[PDB]
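Structure, as structure tokens:
By convention in this document, chain letters (A, B, ...) are assigned in the order of the sequence lines, proteins followed by strands, and residues within each chain are numbered from 1.
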There are 2 protein chains.
Amino acid sequence: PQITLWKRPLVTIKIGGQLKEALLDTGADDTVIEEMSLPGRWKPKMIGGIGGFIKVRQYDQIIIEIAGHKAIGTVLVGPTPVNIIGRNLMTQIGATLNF
Amino acid sequence: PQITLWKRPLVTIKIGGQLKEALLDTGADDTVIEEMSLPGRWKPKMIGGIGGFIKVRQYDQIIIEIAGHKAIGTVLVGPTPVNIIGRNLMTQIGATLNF
Ligand SMILES: CCCC[C@H](NC(=O)[C@H](C)NC(=O)[C@H](CCC(=O)O)NC(=O)[C@H](Cc1ccccc1)NC[C@H](CC(C)C)NC(=O)[C@@H](NC(=O)[C@@H](N)CCCNC(N)=[NH2+])C(C)C)C(N)=O
């Protein structure tokens, strides 16, 4: 679908079998999801943003559905104020910025 | 144009008579530009992101050119690690997300 930006670009995602709402973020290299239990092996990582760095748990090759489109890649789980879908998964579903 | 997300979506912007590179961020509600001596009246504000909040100076009715497209709105100036063009300005150049 073509998404305008008058409102935050929020979409429904399915992760670990459960439904969540996330923000399509072109300014995020990675995908960061709020703290949750996810079946899998993880490794600690640190990511940075506008206010600084946060510790996250890195999960590889996770199957996630973003607005009905399937993607399989890295998902970081930690104390983010909001769930964000970064470029790593957006490229998988073929998202582009147009104007 | 159509911008793919393999790399960070950076564009050239013109502000206060200066040319710089900025990141098109659909996950940013506001526009944040690196510290610069802009003339005019401003008001203190604190903006947050991943990691926390930073103090910025809010300037209204700022004329900016994003990739050859003129826009006008609020611009926050502060110690940001990178210039960020948010939704407030992206909606003015008719930018959309498509997948
Ligand atoms: C796996 C670890 C290695 C990789 C790791 N990578 C990074 O750290 C890379 C550079 N970081 C990023 O790409 C991060 C997102 C996290 C991530 O993708 O990892 N991007 C970001 O954090 C980008 C800005 C940015 C871009 C590049 C560099 C620096 C900063 N901001 C994303 C962010 C999303 C928002 C929904 C929380 N937006 C904002 O921070 C904007 N804020 C807003 O729009 C607020 N008004 C909303 C706040 C919500 N309200 C509330 N809490 N009451 C701000 C720019 C005006 C590293 N380098 O350590």
Side-chain angles (χ1 to χ4, degrees), chain A residues 1-11 13 21-34 45-56 65-71 73 76-99, chain B residues 1-11 13 21-34 45-56 65-71 73 76-99:
Chain A
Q2 178 167 266
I3 306 172
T4 61
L5 304 170
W6 301 97
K7 295 183 183 299
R8 285 181 168 139
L10 293 163
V11 296
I13 64 162
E21 193 180 56
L23 191 71
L24 293 176
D25 194 342
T26 60
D29 299 337
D30 312 299
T31 295
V32 195
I33 306 299
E34 66 200 339
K45 286 303 168 62
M46 284 240 303
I47 59 169
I50 228 65
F53 293 82
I54 72 170
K55 297 177 197 170
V56 295
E65 193 175 275
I66 302 158
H69 297 83
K70 197 55 60 63
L76 308 171
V77 178
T80 177
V82 55
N83 302 323
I84 67 181
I85 305 308
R87 294 190 297 104
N88 71 307
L89 298 185
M90 285 196 275
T91 53
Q92 288 200 25
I93 66 168
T96 55
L97 259 174
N98 303 262
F99 61 87
Chain B
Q2 176 173 92
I3 302 186
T4 61
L5 303 171
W6 300 113
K7 311 173 203 78
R8 297 183 189 161
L10 297 170
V11 291
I13 59 155
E21 307 300 298
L23 177 60
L24 299 176
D25 192 353
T26 57
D29 302 304
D30 308 287
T31 291
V32 190
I33 302 300
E34 57 202 15
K45 189 181 190 179
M46 270 177 81
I47 49 115
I50 281 185
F53 290 77
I54 61 166
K55 311 172 199 302
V56 296
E65 195 176 77
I66 303 163
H69 291 82
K70 282 184 262 61
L76 309 175
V77 173
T80 172
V82 66
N83 293 326
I84 299 151
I85 304 301
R87 291 189 300 103
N88 72 312
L89 293 181
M90 284 188 91
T91 51
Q92 298 183 41
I93 71 175
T96 60
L97 272 175
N98 302 74
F99 60 87

Separation between [atom1] of [X] and [atom2] of [Y], rounded to the nearest 0.5 Å:
{"X": "A:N98", "Y": "B:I3", "atom1": "CG", "atom2": "CD1", "answer": "8.5 Å"}
{"X": "A:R87", "Y": "B:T4", "atom1": "CZ", "atom2": "OG1", "answer": "9.5 Å"}
{"X": "A:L89", "Y": "B:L5", "atom1": "CG", "atom2": "CG", "answer": "11.5 Å"}

- Please flag which part of A:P1 lies under 4.5 Å from any non-hydrogen atom of chain B: side chain, backbone, both or neither.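 For A:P1, heavy atoms of backbone and side chain both lie under 4.5 Å from chain B.
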- Query: If you count heavy-atom pairs under 4.5 Å with chain B, which of A:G86, A:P9, A:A95, A:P81 comes out on top?
  - Reply: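 The answer is A:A95.
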Which one, [options], leads in non-hydrogen pairs under 4.5 Å with chain A?
{"options": "B:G52, B:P79, B:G49", "result": "B:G52"}
{"options": "B:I85, B:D29, B:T80", "result": "B:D29"}
{"options": "B:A67, B:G27, B:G48", "result": "B:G27"}

- Message: With a 3.5 Å distance limit and no angle check, can you tell me whether B:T96 reaches the backbone of A:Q2 through a side-chain donor-acceptor pair?
- Response: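 No; zero donor-acceptor contacts below 3.5 Å.
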- Audit row: A:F99, B:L24, side-chain contact (heavy atoms from CB on, under 4.5 Å) steps and yes/no: CA-CA 11 Å; A:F99 61 87; B:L24 299 176; 4.0 Å; yes
- Which atoms of B:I54 approach chain A - backbone, side chain, both or neither, heavy atom under 4.5 Å: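 Just the side chain, heavy atoms under 4.5 Å.
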- Considering only heavy atoms from C-beta outward, does the side chain of A:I84 approach that of B:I50 to under 4.5 Å?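 Yes, at least one pair of side-chain atoms sits under 4.5 Å.
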